[PDB]
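Using full-length UniProt numbering, the letters of the sequence shown map in sequence onto residues 394 to 659.
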Amino acid sequence: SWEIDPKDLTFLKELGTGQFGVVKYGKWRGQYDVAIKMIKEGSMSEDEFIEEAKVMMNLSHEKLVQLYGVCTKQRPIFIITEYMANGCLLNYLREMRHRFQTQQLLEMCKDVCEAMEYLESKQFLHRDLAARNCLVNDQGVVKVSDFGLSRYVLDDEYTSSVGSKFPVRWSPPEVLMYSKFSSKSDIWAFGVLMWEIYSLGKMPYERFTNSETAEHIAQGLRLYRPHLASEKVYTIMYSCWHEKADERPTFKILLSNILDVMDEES
Ligand SMILES: Cc1c(-c2nc3nccc(-c4ccc5c(c4)CCC[C@@H]5NC(=O)c4nc(C(C)(C)C)no4)c3[nH]2)cnn1C(C)C
Numbered sequence: 394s395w396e397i398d399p400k401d402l403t404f405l406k407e408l409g410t411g412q413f414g415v416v417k418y419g420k421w422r423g424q425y426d427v428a429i430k431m432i433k434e435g436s437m438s439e440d441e442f443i444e445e446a447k448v449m450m451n452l453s454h455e456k457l458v459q460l461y462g463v464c465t466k467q468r469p470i471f472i473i474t475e476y477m478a479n480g481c482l483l484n485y486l487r488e489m490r491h492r493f494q495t496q497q498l499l500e501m502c503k504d505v506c507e508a509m510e511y512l513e514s515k516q517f518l519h520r521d522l523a524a525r526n527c528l529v530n531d532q533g534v535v536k537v538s539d540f541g542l543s544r545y546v547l548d549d550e551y552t553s554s555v556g557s558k559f560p561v562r563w564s565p566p567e568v569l570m571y572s573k574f575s576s577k578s579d580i581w582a583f584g585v586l587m588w589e590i591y592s593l594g595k596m597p598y599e600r601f602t603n604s605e606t607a608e609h610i611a612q613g614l615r616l617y618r619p620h621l622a623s624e625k626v627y628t629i630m631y632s633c634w635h636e637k638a639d640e641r642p643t644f645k646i647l648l649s650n651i652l653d654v655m656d657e658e659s
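The following block contains the structure:
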């Protein structure tokens, strides 16, 4: 059920390179758009991923990038997913030509929140939620990508909290201090993602290094209100950054708050 025949794939364009190597755009059976991760040797705990891929196949939500299957008979292995024509959210936000309205920005937040509420309902952590790990389709809908895959990364620079590739700027204090991941670390990251959306893809804490950011958030420093964010929107993102993890909202509560603000500010 999980296996796709790689001979059914036609490779058309290169999309980029990430933690696991190259990702390509292609067609499945000459017809249907797909994205294809080509997993570089040494980059992934492959047997563990393949077992988990069976669980991931059952995760299905309109705002989650759909896993179609895997190709595991020969190396490199492929991961075949839904193709998102308008690319990575972070780049999309940074293209000033879009001149987003604040209603569109809130809708992007809601798209992600719906995906995350679904994952939370399945007790499934994303673990690296950020604009760089969201994608945009040809209709401008944002979807969440590569949920859970952090577990299978073999690179210590990514995994270690002091590693060069670790997502310090998306991490709550208890992750920076104790590497304590939970639903509530996804909540913190979601707040930073809201901030990224309303900041049109600026780097969080853009004037600090990772090391300085870690020290500052331990001391209680927070991101502050993006120019395009209303007070009501800012209240929602800020609620994600409570020092105490148990005082942070759930994704269901965030979704309810986002919907209320949409109704109030339209
Ligand atoms: C880029 C683009 C698209 C585009 N559509 C797409 N549809 C589906 C998937 C991708 C896709 C997803 C992810 C990645 C890329 C592409 C390329 C960069 C690396 C990135 N990340 C990982 O591969 C990766 N990261 C991880 C972590 C565990 C570290 C989170 N696991 O895998 C799509 N890209 C379309 N246009 N463009 C631009 C105008 C060229």
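Where is the CB? At the ideal position from N, CA and C, for every residue including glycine.
Look up residue i in the DSSP assignment and say whether it is helix, strand or coil.
i    : result
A428 : strand
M450 : helix
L460 : strand
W588 : helix
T606 : helix
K466 : coil
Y598 : coil
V555 : coil
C481 : strand
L522 : coil
Can you tell me which of the options puts its alpha carbon nearest to the alpha carbon of residue i?
i    : options                   : result
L616 : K645, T495, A446 and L586 : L586
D656 : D539, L499, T410 and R641 : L499
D639 : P566, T628 and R618       : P566
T474 : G480, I429 and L483       : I429
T410 : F559, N526 and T606       : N526
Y598 : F540, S564 and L408       : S564
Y476 : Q516, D539 and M570       : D539
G613 : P642, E636, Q424 and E434 : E636
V535 : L483, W581, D548 and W395 : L483
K558 : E444, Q496, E488 and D521 : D521
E444 : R468, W395 and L569       : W395
At the level of alpha carbons, what is the spacing between residue i and residue j?
i    : j    : result
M431 : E658 : 43 Å
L518 : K577 : 9 Å
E513 : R422 : 34 Å
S453 : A611 : 36 Å
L405 : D426 : 10 Å
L542 : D653 : 32 Å
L460 : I472 : 8 Å
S604 : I397 : 43 Å
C481 : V529 : 6 Å
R544 : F442 : 8 Å
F493 : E589 : 13 Å
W634 : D401 : 46 Å
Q467 : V626 : 48 Å
Assuming residue i and residue j are in contact, meaning their beta carbons sit under 8 Å apart, how far apart are those beta carbons, in whole angstroms?
i    : j    : result
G414 : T403 : Wrong, their Cβ atoms sit about 19 Å apart, outside the cutoff.
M437 : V546 : 7 Å
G584 : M630 : 5 Å
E507 : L648 : 6 Å
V561 : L457 : Contact doesn't hold; Cβ gap of about 25 Å is too wide.
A446 : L486 : Contact doesn't hold; Cβ gap of about 30 Å is too wide.
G435 : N479 : 31 Å between Cβ atoms; not a contact.
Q412 : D548 : 7 Å
Count the other C-beta atoms from every protein chain shown that fall within 10 angstroms of the C-beta of residue i, then say buried if there are 16 or more, exposed otherwise.
i    : result
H620 : exposed
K645 : exposed
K417 : buried
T465 : buried
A622 : buried
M501 : buried
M509 : buried
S572 : exposed
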